[PDB]
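S.K.: sharing an experimental structure here, sequence included.
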Amino acid sequence: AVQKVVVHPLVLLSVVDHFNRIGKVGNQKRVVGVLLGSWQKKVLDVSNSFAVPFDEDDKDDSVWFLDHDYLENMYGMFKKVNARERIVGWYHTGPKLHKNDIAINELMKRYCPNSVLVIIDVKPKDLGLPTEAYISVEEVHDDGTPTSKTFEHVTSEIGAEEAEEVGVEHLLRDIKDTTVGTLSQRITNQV
Amino acid sequence: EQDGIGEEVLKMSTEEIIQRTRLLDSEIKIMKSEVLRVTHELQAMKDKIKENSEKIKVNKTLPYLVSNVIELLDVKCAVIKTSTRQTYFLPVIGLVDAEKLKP
Amino acid sequence: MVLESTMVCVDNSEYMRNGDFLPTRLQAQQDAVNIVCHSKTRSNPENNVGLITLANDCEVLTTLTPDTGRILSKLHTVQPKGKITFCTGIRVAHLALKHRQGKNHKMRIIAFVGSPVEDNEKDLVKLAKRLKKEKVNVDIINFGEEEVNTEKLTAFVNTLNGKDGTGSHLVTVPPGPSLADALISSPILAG
Amino acid sequence: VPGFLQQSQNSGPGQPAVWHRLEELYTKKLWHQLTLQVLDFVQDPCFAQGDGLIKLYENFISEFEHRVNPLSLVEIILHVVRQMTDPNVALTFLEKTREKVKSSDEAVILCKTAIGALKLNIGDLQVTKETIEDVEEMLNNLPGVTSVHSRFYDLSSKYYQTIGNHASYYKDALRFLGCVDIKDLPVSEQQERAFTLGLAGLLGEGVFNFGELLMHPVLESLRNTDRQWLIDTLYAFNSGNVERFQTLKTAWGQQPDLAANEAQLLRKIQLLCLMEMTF
Amino acid sequence: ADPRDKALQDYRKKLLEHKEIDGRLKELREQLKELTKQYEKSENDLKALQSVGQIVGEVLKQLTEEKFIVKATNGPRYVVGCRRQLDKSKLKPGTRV
Amino acid sequence: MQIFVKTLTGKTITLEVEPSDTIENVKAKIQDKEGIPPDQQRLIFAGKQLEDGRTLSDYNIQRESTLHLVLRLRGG
Amino acid sequence: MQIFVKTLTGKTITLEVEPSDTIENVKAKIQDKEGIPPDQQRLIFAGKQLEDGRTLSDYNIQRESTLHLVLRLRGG
Amino acid sequence: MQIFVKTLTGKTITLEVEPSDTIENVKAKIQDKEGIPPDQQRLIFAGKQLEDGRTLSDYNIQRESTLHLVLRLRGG
């Protein structure tokens, strides 16, 4: 079980890169990849990711094609460079959960028993946070109807670390806002 | 044994039949499945062993610094003074058996 | 000599439990797969093969690779409990062909049809025309139930290639002693 | 052996056909079709007293066709076993078939349910309970809904039919319904299952709901004719109106339990009327 | 010759082969387990390889709720903070750190 | 649907295509009659940079349009 | 018992073995007497190729059988 | 015998050799054509690092073979 996930900026930026570049291979609505990370205690920290070739069909949810061998090879190379990260889960984009997703989950749950799914919404929206995190569990469902497998939400937050925030703060220097604000920042918040 | 051979396998042919069934099924299933499975498991783990050993070979470069462990603690951790006259804690000993080390 | 990538597409439906052939249908299919994959490898050292299973939905149990031994090692432990489904198997085979590394390679799908099949011709013809426009070769082996589906397959292969098309073979066999002996001559003929 | 069918066709229907066709399937070695057809033929309403001989033929085929889907073998064996009436030899036979069939464990669950079912008929606490608990663990670790679930829940409902556990029975019967197909059962069976469920809930220790129950289709359907006072009183609780001149009628209708436990039912409806009036 | 004698003899031969393959399986299993223990030793070494070492010193006085004055064995003294979840109550003057 | 490709050498070449096609198909036709490797082809339309992964209709290309081919000289 | 190992180089070698021997043992004897290690080589019998998990008696190999040796990996 | 040497920058360089040639001779050819010291070149074929003691008749190379070159990069 998990009580919260902490996501670093680097993964967010790499996901934007993936979504922009994919046009080089063939038009698709969404993209998919692995998340690497680590466990402290019931809190999960994500810190890297990489692409994986994926294909889909727009109507039939019985048809799709991930790829085992690319995944295993790339994880081998990444492990040869560094050893403290391990497989933790996966991500896809697109704004709404697709029926298909559980069928993917029960695949790569084999590579990590506690596979957690993070949805990152690459194109903007005004109201709030960009990402969502979900975990898969069966249920009693009712007084009496068939048990099944679905996701439940888990609370999500965006983290930072030393020498990742410095680059961010440098990139964001041109546009800045008051640290505390004097009735010009608190009043906006209420709106 | 002689009791089963005589009173059953000879006289009660159905017991020979059940012997045949059990022997055939168990023999073929276990031999094929376990021999194939274990042989490929062994090959894979041998190769991964080889890669890890290659990784450890490089880091053992020649230049070393003579040092003496002053104290040892379990929480596996050691306090070293080194002949440059420096003192360092460390939380993990590394490429030697922590049970083999002693003050 | 031609550079092409080949997918073998094999059945583990429940009918394979039976035993008209000498040991069982499975073992026969194993020997057939062995012979064909060795043929397609030996004919050209850079080509590659992959393996797909149709029963109870399509499992892409090996991504396209030039290594042959993995295919054999993986092919075992197919315990026949599935029911057939033809169309989704073909669709996912096309989908996986869409992502060759060496996009100079030609496109081939080889399928073993060892079971009765239920389908509507109005779907099959449309799949056929899709592969027409996409220029995909198809090769089929019957063995078992000629009466049930011989006409459907005749129509499929006929529409898919013709009008001086290649004449992609459609093999059929009596319940003779061996698969290999018939399979040898007509579909495969290296050089 | 191979003459067994030609001479045996004199028993039951299909004399030139089903026996000859069985021989044809046997000689073709199309093991699958043969298994289908034997399972089908056992269903025939003929008394099928020739259990031992046809079982001898079953052993002859299975002696190496047993690579077949074992579950079908288990269920046809169950259809054979129900024929005979000596319990003890039946138990030995079941233990033998359980020890031989051991790969697909759902067959093991099914067999265990049959063993417990036969055992309960003569004495329950010692064996049955323990076999229910011995089976529930394995059932959990199965991915799908499967098929054995119905039978198992039927067993556990019968075991909890020792009336004092009303409430527990109330849940498990529902689980059974949560596993059968669209109700396509004998109408009398359906309506009497719904009747017993109604009563078992109505006395139940822990149950206050009476909202969801009224929607379950079997109850709303199979009692819109005769014995509607039960639906009437079930609504009476749902609304919470205290006046129940109807349980007096139920006393004559259902003297068992509902005539003795009247005080408890009165107390339930009493406190149940608060949750309405405050709402 | 006789069905019972042929069945007996082939039964004994088949059982002999049964025990032979069982021996093969047992020795394979044991050797594999030993290899797994070698593997886990190698992996423990690989993850240990990334440690860093640390300076040993002593806390002088405490200065403010988050600032401490500390001194190395033979280096200069320093002004430093104290880590998350570190139970500062233990940080009596003179303690080893 | 004919389309005119212009090179830096001054040559204009006319290719007949259909609106269903995709840029990699056009580059394959170039490799056909130009012989320059498709990886060594870069295509600009009205200042935009075309992708090998997409359809002609994604760029609203109409009949008889001009596309410019540019080579890559990093191999110097 | 003798087996003709033929390589694609036209070399013929006589091997005396017993049918109970597993493939790994036959490869071991090959390595011992030839020098060629077992991993760089594969064996074929009328298209049937062998594996450690199968005995020599499986596949129906007989006395004086012809075997094809095909090397694997690049040059040493 | 004509061969192709690729590199990480996309540079491609044809070269003519004979299978009697030893590897260090090839590195000498690279040096004289490009202008790079023999120490700094490292050579890869099919995923194996090549070695000086061997001819191209060893490693069973054929013409039109794609080799890769990588630099001895260092820092300090």
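M.R.: Cool, the structure landed. Numbers count the residues shown, from 1 in each chain, chains lettered A, B, ... in the order given.
S.K.: what about whichever residue of the stretch 1-150 of chain D sits closest to chain F, distance to chain C?
M.R.: Closest contact between the stretch 1-150 of chain D and chain F, by Cβ to the nearest Cβ, is at residue D:143 (38.7 Å). Just so you know, the C-beta spots here come from the backbone N, C-alpha and C atoms, and that holds for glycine as well. Distance, residue D:143 to chain C, by Cβ to the nearest Cβ, to the nearest Å: 13 Å.
S.K.: tell me which element that residue is part of?
M.R.: Using DSSP states H and E, residue D:143 is not contained in any helix or strand.
S.K.: any part of whatever helix or strand residue E:30 lives in near chain D?
M.R.: Applying DSSP H and E as the criterion places residue E:30 in helix E:3-48. No. Helix E:3-48 stays clear of chain D (Cβ under 8 Å from any Cβ of the partner chain), getting no nearer than 13.8 Å.
S.K.: distance from that helix to the middle of the chain?
M.R.: Distance of helix E:3-48 from its chain centroid, counting by Cα atoms, centre = their mean, to the nearest Å, is 28 Å.
S.K.: what does stretch A:113-131 give?
M.R.: On Cα atoms, centre = their mean, the centre of stretch A:113-131 falls 6 Å from that of its chain.
S.K.: which residues touch it?
M.R.: Under the criterion Cβ atoms under 8 Å, 6 or more residues apart in numbering or on different chains, residues A:2, A:5, A:7, A:12, A:15-16, A:19, A:35, A:44, A:46, A:88-95, A:97, A:101, A:105, A:108-109, A:132-136, A:151, A:154, A:156, A:158 lie in contact with stretch A:113-131.
S.K.: in strands only, show me these.
M.R.: A:5, A:7, A:35, A:44, A:46, A:88-92, A:132-136, A:151, A:154, A:156, A:158 (DSSP state E).
S.K.: of those residues, just the buried ones, PyMOL syntax please.
M.R.: PyMOL command restricting the ones in strands among the contacts of stretch A:113-131 to the buried ones, with burial defined by 16 or more other Cβ atoms under 10 Å in any protein chain shown:
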select buried, chain A and resi 5+7+35+44+46+88+89+90+91+92+132+133+134+135+136+151+154+156
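S.K.: can you pull out the helices in the chain?
M.R.: You didn't say which chain, so I picked chain A. Applying DSSP state H to chain A gives helices spanning A:9-21, A:68-81, A:101-108, A:165-171, A:186-190.
S.K.: I was after chain F.
M.R.: Taking DSSP H, the helices of chain F run over residues F:23-33.
S.K.: kindly report the residues of it close to chain A.
M.R.: F:51-55, F:58.
S.K.: the residues you listed in strands, which ones?
M.R.: Going by DSSP E, the strands hold none of the residues of chain F next to chain A.
S.K.: out of the residues you listed, which is nearest to residue H:32?
M.R.: If you rank the residues of chain F next to chain A by distance to residue H:32 using Cβ to Cβ, residue F:52 comes first, at 38.3 Å.
S.K.: identify the residues contacting the closest one.
M.R.: A:24-25, F:22-24, F:27.
S.K.: just checking, residue B:69 is part of a strand?
M.R.: Yes. According to DSSP: H, G, I helix; E, B strand; the rest coil, residue B:69 belongs to a strand.
S.K.: which element is the closest residue to residue E:17 other than its chain neighbours on?
M.R.: Excluding the flanking residues, the one nearest residue E:17 by Cβ to Cβ, 6 or more residues apart in numbering or on different chains is residue B:27, at 6.9 Å. Secondary structure from DSSP H and E places residue B:27 in helix B:13-59.
S.K.: that older thread, could the helices of chain A go into CSV alongside distance to residue E:2?
M.R.: Listed next are the helices of chain A as CSV, based on distance: least, Cβ to Cβ, whole Å:
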stretch, distance to residue E:2
helix A:9-21, 76
helix A:68-81, 56
helix A:101-108, 57
helix A:165-171, 89
helix A:186-190, 99
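S.K.: between those, which one is closest to residue D:97.
M.R.: The nearest among the helices of chain A, by Cβ to Cβ, is helix A:101-108 at 34.0 Å.
S.K.: can you list contacts of that closest one?
M.R.: Residues outside helix A:101-108 that contact it (Cβ under 8 Å, 6+ apart): A:32, A:61, A:64, A:66, A:90, A:92, A:115, A:117, A:136, A:149-151.
S.K.: again, only using 10 Å
M.R.: Here helix A:101-108 makes contact (Cβ atoms under 10 Å, 6 or more residues apart in numbering or on different chains) with A:32, A:34, A:52, A:54, A:61-62, A:64, A:66, A:68, A:71, A:87, A:89-90, A:92, A:94, A:98, A:115-117, A:119, A:134-136, A:148-151, C:57, C:59, D:143.
S.K.: again, but for stretch D:251-267
M.R.: Contacting residues not belonging to stretch D:251-267 are listed as D:163, D:166, D:195, D:199-200, D:202-203, D:205, D:227, D:229-230, D:233, D:237, D:242, D:244, D:246-248, D:250 [Cβ under 10 Å, 6+ apart].
S.K.: buried subset of the residues of chain F next to chain A, written for ChimeraX?
M.R.: To isolate the buried ones among those in ChimeraX, judged by 16+ other Cβ under 10 Å, type:
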select /F:51,52,53,54
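S.K.: tell me where the stretch 101-250 of chain D has helices.
M.R.: Ranges of helices in the stretch 101-250 of chain D, per DSSP state H, counting those that start in this stretch, are D:105-120, D:128-140, D:149-159, D:166-177, D:187-202, D:217-221, D:229-239, D:246-253.
S.K.: rewinding a little: can you tell me which of the contacts of helix A:101-108 are buried?
M.R.: Looks like the contacts of helix A:101-108 have A:32, A:34, A:52, A:54, A:64, A:66, A:68, A:71, A:87, A:89-90, A:92, A:94, A:115-117, A:119, A:134-136, A:151, C:59 buried, using 16+ other Cβ under 10 Å.
S.K.: now render the helices of the stretch 101-250 of chain D as TSV, adding mean neighbour count.
M.R.: TSV is the format used below for these (neighbours: other Cβ atoms under 10 Å in any protein chain shown):
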stretch	mean neighbour count
helix D:105-120	19
helix D:128-140	14
helix D:149-159	20
helix D:166-177	20
helix D:187-202	17
helix D:217-221	15
helix D:229-239	16
helix D:246-253	14
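S.K.: make TSV from the ones you listed and add distance to residue C:87 to it.
M.R.: Shown next, in TSV, are these (distance: least, Cβ to Cβ, whole Å):
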stretch	distance to residue C:87
helix D:105-120	30
helix D:128-140	35
helix D:149-159	32
helix D:166-177	35
helix D:187-202	39
helix D:217-221	36
helix D:229-239	49
helix D:246-253	58
